[PDB]
Amino acid sequence: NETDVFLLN
Amino acid sequence: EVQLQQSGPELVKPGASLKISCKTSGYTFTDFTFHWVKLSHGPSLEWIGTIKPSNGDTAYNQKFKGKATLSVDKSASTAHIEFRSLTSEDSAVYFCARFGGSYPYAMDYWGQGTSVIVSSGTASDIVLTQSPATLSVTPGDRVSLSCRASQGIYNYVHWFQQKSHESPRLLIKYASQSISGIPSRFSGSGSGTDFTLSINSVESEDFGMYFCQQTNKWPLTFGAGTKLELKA
């Protein structure tokens, strides 16, 4: 889940 | 009413630099990440990169790192993309999109696209395999479109419809989640590596291109598309 910090938070 | 409005058509000399814009209205500009997508023949879609408008942080597809720079003007609620050393290979339609809506977010609102003409004068990326590449059907047929990922991506798959001369439109997000205003005939299923978009009864207005997209790993990637067309 490497994109969650940027895209979702 | 949320809207992304892009700057007009451009025509430039090879070697030129060009800055194109995407101005927002109807919501708070700093809420959601902005994405730029290149449309080339097929039609084919490529993800260029993204910018977080609240702090200016960026992530690029390596292919476009030496070519494009993303920026935002918070005071003007406008996102920008600047190209350098433009060549014939850069002639394309460029779209801006926001990655928002109800949680979990997806590319829900798109700009109308900007045609860019560069005038001739006077390895570890997730691969998405879409099949069948062409579906020739009669309205009223029931169809299923497949998207197979090169590795497990959980439920991080989104589906888009792209009709001739129009922007991509989000149909399903996170493999199976429905989108407001999208007709009930569209549904999605799958997890891991096999994903399916189903159209319960194909309507005349459904003919066009269908793309799947993964957002589990950088760079974000698209499948090559499935063309849904009227049987001759």
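Just so you know, these numbers use all the heavy atoms, side chains as well, and skip hydrogens, waters and symmetry mates. So you know, we letter chains A, B, ... as the sequences are listed, proteins then strands, and number each from 1.
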For the residue pair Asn1(A) and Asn216(B), what are the closest heavy atoms and their distance? OD1-OD1, 3.2 Å
Side-chain heavy atoms of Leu7(A) within contact of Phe32(B), under 4.5 Å: no
How about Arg185(B): does its CZ atom have over 12 heavy atoms from other parts shown lying under 6.0 Å from it? yes
Part of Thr58(B) lying under 4.5 Å from any heavy atom of chain A: backbone
Whether over 12 other heavy atoms sit under 6.0 Å from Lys52(B) NZ: yes
Given heavy-atom pairs under 4.5 angstrom as the criterion, report whether the side chain, backbone, both or neither of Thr33(B) touches chain A. side chain
For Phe6(A) versus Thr50(B), what's the shortest heavy-atom pair and its separation? CE2-CG2, 3.4 Å
By residue number, those in residues 149-169 of chain B with heavy atoms under 4.5 Å from heavy atoms of chain A are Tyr154(B), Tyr156(B)
Inter-chain contacts: residues 65-74 of chain B against chain A, heavy atoms under 4.5 Å: none
